[PDB]
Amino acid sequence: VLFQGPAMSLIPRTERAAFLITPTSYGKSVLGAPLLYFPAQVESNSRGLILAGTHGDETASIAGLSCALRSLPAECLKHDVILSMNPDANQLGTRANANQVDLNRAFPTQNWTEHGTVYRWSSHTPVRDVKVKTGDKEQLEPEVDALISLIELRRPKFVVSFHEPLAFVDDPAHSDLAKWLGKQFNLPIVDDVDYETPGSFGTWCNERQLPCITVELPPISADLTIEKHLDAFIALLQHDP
C-alpha cells in the first residue's frame, strides 16, 4: 500500500447538533408523527436508501446513523437517509408500531398472511414467544405504505437497513456491497436469512429485484456505536457501490 487513503473531512464536532439538510416528509405515522427522509445531495446513477428504525427499540443504529449524517458535509451525501421509519415505536420503546404490528412482518409480500407471529423477548431468552401482529389484510400500516411510495418515487438502486442485535451483515445475493459492509463494521456475513419470511422487508425487496442488505449490529449501546462505528456509517453515506 503506498499511502493511507485520506481521512474523510467532517463537519467540526462543535457544529454537529444541527442538521444542515432539511428533511422532507414522506408520510405520517399511526400516531400522527411526520415520517422524514433526508434527500441525497449528489446526483448519481447509484443513489440508494439507508434506513433505520424498522423496529422501534433498535436505537443504537438510529443514533449512529444520525450522528454520521450530521458529521458529513451536506454536499457529500450520495443516498437518501431515513433515521427512523417507525417514530411511534421509538417514543413507545417497542419493537412493533402503535398498532402492535411488527413492521418487518407487515410488507405486502406474495406470501403475506394475516396470522400473527412471535418475536424474542431479549437476546438470551431461549425461544421467540412474544406475540405480535403482522397487519390488516385490507390496509397497510401507514409507515409501510409510506416507505413503499417513497421507494416507488425515488427508485433507489439498493437499500441498506440497520437492525440490532444479531451481530451480522445479512447478504441477499453474495454481493460486494455486503462484503464491503462486513469489513467496515467488522461483522461476519451470513447469506440468506429471513429473505423468505412473509412480510419481511428483505422478502419484499427480493420480489422486486431490489438489492437489500441488513446490517444487524451486536447488542451495543448508542455511545459505543458512536465511538466504534461512526466512520463506518459516514463511509456508507458517501459510498459508491
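Each residue number is its position in the shown sequence, starting from 1.
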remark   = Once average C-alpha B-factors are taken from the entry for 205-213 and 55-63, the winner is 205-213
request  = Quick one: say whether 228-236 or 6-14 has the higher mean Cα B-factor in the deposited entry.
outcome  = 6-14
query = In this PDB entry, which of 110, 86, 91, 104 has the top CA B-factor?
reply = 110
remark   = The residue of 153, 82, 147, 130 with the maximal C-alpha B-factor according to the PDB record is 153
request  = Sorting the chain's modelled residues by C-alpha B-factor, tell me whether residue 34 ends up in the lowest, middle or highest third.
outcome  = middle
Chain-wide C-alpha B factor ranking for residue 123, given as lowest, middle or highest third = middle
request  = State the tercile, meaning the lowest, middle or highest third, of residue 199 with respect to the CA B-factors recorded for its chain.
outcome  = middle
inquiry  = For the chain shown, is the CA B-factor of residue 177 in the lowest, middle or highest third of its modelled residues?
reply    = middle
inquiry  = Test of reading the entry: by CA B factor among the chain's modelled residues, which third contains residue 222?
reply    = lowest
